[PDB]
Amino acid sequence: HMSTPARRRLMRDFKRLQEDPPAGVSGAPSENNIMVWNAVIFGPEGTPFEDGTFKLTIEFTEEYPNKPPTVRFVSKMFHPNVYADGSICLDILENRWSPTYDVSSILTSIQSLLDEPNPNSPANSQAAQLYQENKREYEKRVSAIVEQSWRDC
């Protein structure tokens, strides 16, 4: 709601996302908790993640937007910078956070991450190994989770 600066800022992020969502992204606060959002990122076109519809949750603190939220993929993911539990290694969530970034820019940065993995953070050792040694097999694995992202188990 509107009780703290972080909550009003989150409402403004929500407004931006409603009326002007970047391509292939969506998100909204949970019904009972403005600090926890559900989001969906569509895989960027021209990439192995194309056609993928990936759910994520985002958890904000009352320090937002000064402190970045923690973002986790809910859908199964196969990507060098994404752990088995869904946690994400993203520069703007760790080292390059700016209070100018909102939910929209966070979702697009992850969308871009899917296209261009950061080789400094091999969170998924097999995904990193295949990405640097076997693009075909890498894309085979990504295709599998793309299809699985259409089903929300």
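We number the residues from 1 along the sequence you see.
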item	value
Given 22-30 and 93-101, the range whose Cα B-factors average higher in the PDB entry	93-101
Residue with maximal Cα B-factor (values as given in the PDB entry) among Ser112, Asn124, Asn38, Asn120	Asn120
Chain-relative CA temperature factor third for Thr53	lowest
CA B-factor ranking of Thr108, expressed as a third of its chain	lowest
Entry-reported Cα temperature factor of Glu133, expressed as the chain third it lands in	highest
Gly46, C-alpha B-factor rank within chain (lowest, middle or highest third)	middle
Record-listed C-alpha B factor of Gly86: chain third	lowest
